[PDB]
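Along the sequence shown, the residues carry numbers beginning at 1. As the structure lists them, so they are numbered: ligands from 1, and atoms in each ligand from 1. Side-chain atoms are counted along with the backbone in the values below, which use heavy atoms only and exclude waters and symmetry mates.
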Amino acid sequence: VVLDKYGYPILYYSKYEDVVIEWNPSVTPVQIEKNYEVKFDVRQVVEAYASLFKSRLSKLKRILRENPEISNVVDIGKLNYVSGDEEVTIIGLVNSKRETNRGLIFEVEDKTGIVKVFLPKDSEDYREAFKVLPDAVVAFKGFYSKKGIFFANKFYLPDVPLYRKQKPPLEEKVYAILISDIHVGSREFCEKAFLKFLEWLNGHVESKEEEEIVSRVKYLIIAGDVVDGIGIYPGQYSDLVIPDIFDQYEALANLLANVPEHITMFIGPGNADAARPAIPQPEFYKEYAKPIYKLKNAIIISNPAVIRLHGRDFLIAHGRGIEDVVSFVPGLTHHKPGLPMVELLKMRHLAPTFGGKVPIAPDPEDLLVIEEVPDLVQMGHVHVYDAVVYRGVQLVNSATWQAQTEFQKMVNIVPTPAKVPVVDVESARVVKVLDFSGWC
Ligand SMILES: C[As](C)(=O)[O-]
Ligand SMILES: [Fe+3]
Ligand SMILES: [Zn+2]
């Protein structure tokens with residue numbers, strides 16, 4: 001039985017009040033100038049979705065036009081004023097996508113019209129066109145039939161540039177720790193493993209290599225599902241140790257209060273959090289999440305957000321789009337969220353698909369478009385660790401602190417709890433993975 005305060009689910013144990021972890025005096029932190037900036041945050045800004053699709057198409061059409069190979073772009077509404085002898089390019093939204101034994105049939109839409117696009121079974125770009133999600137913005141080079149079909153010979157994605165200038169080296173080596181899906185309130189929350197991680201952060205390490213990493217750790221990024229929430233799925237009460245949303249954030253803040261003062265924490269919301277029930281999520285609902293807002297070394301970031309650390313762009317998103325990729329693309333699955341994350345980077349959109357459990361807000365501007373090329377992309381949500389480099393961009397899933405729940409077992413989700421990516425800010429790369437799973 002769920003309860004509501006002003007409409008929101010609030011309720012249906014210890015809150016780590018006693019938890020006190022002090023810094024190890026034996027370890028001295030390396031004195032580095034903290035160079036950080038929230039480069040992008042959601043808060044820095046008839047048909048309900050008309051303005052959103054206009055914004056999405058306009059933004060991604062700009063990214064496609066930056067490809068030197070994309071030329072002779074013509075409006076879809078002008079396609080039969082074009083003779084069948086002229087090779088043209090069209091840019092538009094993938095409205096529909098259907099496979100025949102003879103190839104792929106797309107319904108592509110721009111600001112001027114809609115057209116049926118055919119791509120033959122084995123056009124060298126087929127593998128990519130077979131993977132593209134609907135409501136993504138793509139380009140097609142080909143000829144118009146005059147029967148109503150665009151016979152494409154080439155398919156293009158917004159993508160990331162193959163060549164980008166290397167960044168100047170930093171004065172000192174600085175590390176960033178990536179975590180997500182803590183799920184405080186769940187019986188499956190790896191409580192001891194997380195306490196051992198807080199000890200590790202406070203210089204309580206047993207090797208010299210770890211000691212030189214801990215001394216240089218200045219940033220901690222939390223990519224959503226910081227609490228387990230209330231009424232997220234039917235039967236969730238059976239798994240909750242803390243069945244109160246206020247007490248979940250209070251328990252979380254009591255743990256996060258034990259994060260060293262020299263570490264700047266960037267905390268973003270997820271789908272389990274007391275935040276907007278659609279994406280993008282500006283922040284957390286301050287009425288429920290107040291205890292984390294009061295942490296001295298914490299900065300509440302939006303979902304999505306872009307954090308510039310020492311000149312390196314870290315794009316932080318919860319990871320709702322990984323689900324869209326695994327459902328729509330056969331062959332791609334969890335156990336490896338790295339490849340689905342590459343597809344979102346290539347589409348330059350975090351969650352293009354409409355209709356899923358993935359609620360996309362009918363906002364005026366599409367803030368889910370990856371407008372600028374990041375150095376690192378951090379996502380959570382799927383509860384499986386992975387890391388892959390695509391064209392100099394590090395794609396990384398920060399896993400979870402939650403062991404396999406009853407519900408996860410049923411929907412065949414196999415998590416990799418307590419696996420912590422260690423990021424070298426200079427190269428914006430995962431250099432080590434801390435494994436605290438022995439405590440699970
Ligand atoms: C429990 As979940 C799959 O919403 O991180
Ligand atoms: Fe989660
Ligand atoms: Zn989630």
Side-chain angles (χ1 to χ4, degrees), residues 2 9 178-191 193-194 221-243 245 248-249 251-252 255 267-281 283-285 289 292 301-305 316-327 333-337 340-341 344 350-351 353 356-361 368 377-386 396-421 437 440:
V2 203
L178 314 183
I179 67 156
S180 69
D181 300 79
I182 311 173
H183 288 271
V184 171
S186 180
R187 193 173 291 107
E188 307 305 315
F189 163 55
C190 298
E191 168 183 288
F194 194 83
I221 316 167
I222 319 173
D225 291 344
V226 302
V227 302
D228 198 55
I230 302 296
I232 305 306
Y233 61 96
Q236 183 179 21
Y237 179 62
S238 287
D239 187 72
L240 291 169
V241 149
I242 308 160
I245 200 68
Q248 273 180 16
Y249 283 105
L252 174 73
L255 290 171
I267 315 158
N271 57 295
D273 286 309
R276 192 205 203 174
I279 49 161
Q281 293 168 304
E283 53 182 316
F284 290 92
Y285 286 161
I292 62 170
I301 61 153
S302 56
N303 175 41
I316 323 298
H318 186 54
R320 296 303 309 273
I322 301 155
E323 267 192 312
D324 288 352
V325 182
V326 309
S327 25
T333 180
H334 83 124
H335 295 261
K336 292 253 115 177
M341 278 177 77
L344 295 171
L350 301 163
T353 281
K357 288 98 139 172
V358 68
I360 287 113
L368 296 180
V377 180
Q378 179 200 352
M379 286 184 183
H381 185 60
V382 303
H383 291 199
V384 175
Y385 170 78
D386 207 10
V396 53
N397 200 290
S398 46
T400 188
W401 288 95
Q402 179 181 60
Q404 203 188 30
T405 60
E406 186 210 312
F407 199 83
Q408 285 161 6
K409 203 171 124 196
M410 293 182 248
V411 298
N412 298 289
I413 271 79
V414 182
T416 67
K419 269 147 180 75
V420 185
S437 69
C440 320

Q) How many degrees, to 10°, between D225 OD2 and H318 NE2 as seen from the Zn ion (ligand 3)? A) 80°
Q: Run the numbers on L350 and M379 for side chain to side chain contact (heavy atoms under 4.5 Å, CB included), then give the verdict.
A: CA-CA 10 Å; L350 301 163; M379 286 184 183; 3.7 Å; yes
Q: Provide the protein N, O or S atoms situated under 2.8 Å from the Fe ion (ligand 2); waters are not included.
A: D181 OD2, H183 NE2, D225 OD2, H383 NE2
**Q.** Verdict with supporting geometry, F189 and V241, side chain to side chain contact (heavy atoms under 4.5 Å, CB included)
**A.** CA-CA 9 Å; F189 163 55; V241 149; over 6 Å; no
Q) Given ND1 of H381 on one side and OD1 of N271 on the other, what angle do they make at the Zn ion (ligand 3), to 10°? A) 90°
Q: Check the pair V384 / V414 against side chain to side chain contact (heavy atoms under 4.5 Å, CB included), numbers first and verdict last.
A: CA-CA 8 Å; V384 175; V414 182; 6.0 Å; no
Q) Roughly how far, to the nearest 0.5 Å, is the OG atom of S180 from the CD1 atom of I222? A) 9.5 Å
(Q) Within the 3.5 Å criterion, strictly below it, is a donor on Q236 or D228 matched to an acceptor on the partner's side chain? (A) yes
Q) Quick one: CG on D273 to CD1 on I182, what's the gap to the nearest 0.5 Å? A) 9.0 Å
Q: Please round to the nearest 0.5 Å and tell me the distance separating atom CZ of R276 and atom CG of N271.
A: 14.5 Å
(Q) Tell me whether the count of non-hydrogen atoms from other residues, nucleotides or ligands lying under 6.0 Å of OH in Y237 goes above 12. (A) no
(Q) Working to the nearest 0.5 angstrom, can you tell me the gap between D386 CG and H335 NE2? (A) 11.5 Å
Q.
Which protein residues come within less than 4.0 angstrom of ligand 1, counting heavy atoms only?
A. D181, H183, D225, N271, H381, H383
Q) Which is it for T400 and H183 under the side chain to side chain contact (heavy atoms under 4.5 Å, CB included) test, yes or no, and what are the steps along the way? A) CA-CA 8 Å; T400 188; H183 288 271; 4.1 Å; yes
Q) Taking atom types as modelled, is there a side-chain donor on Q408 or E188 under 3.5 Å from an acceptor on the other? A) no
Q) Can an N, O or S atom be found in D181 less than 2.8 Å away from the Zn ion (ligand 3)? A) no
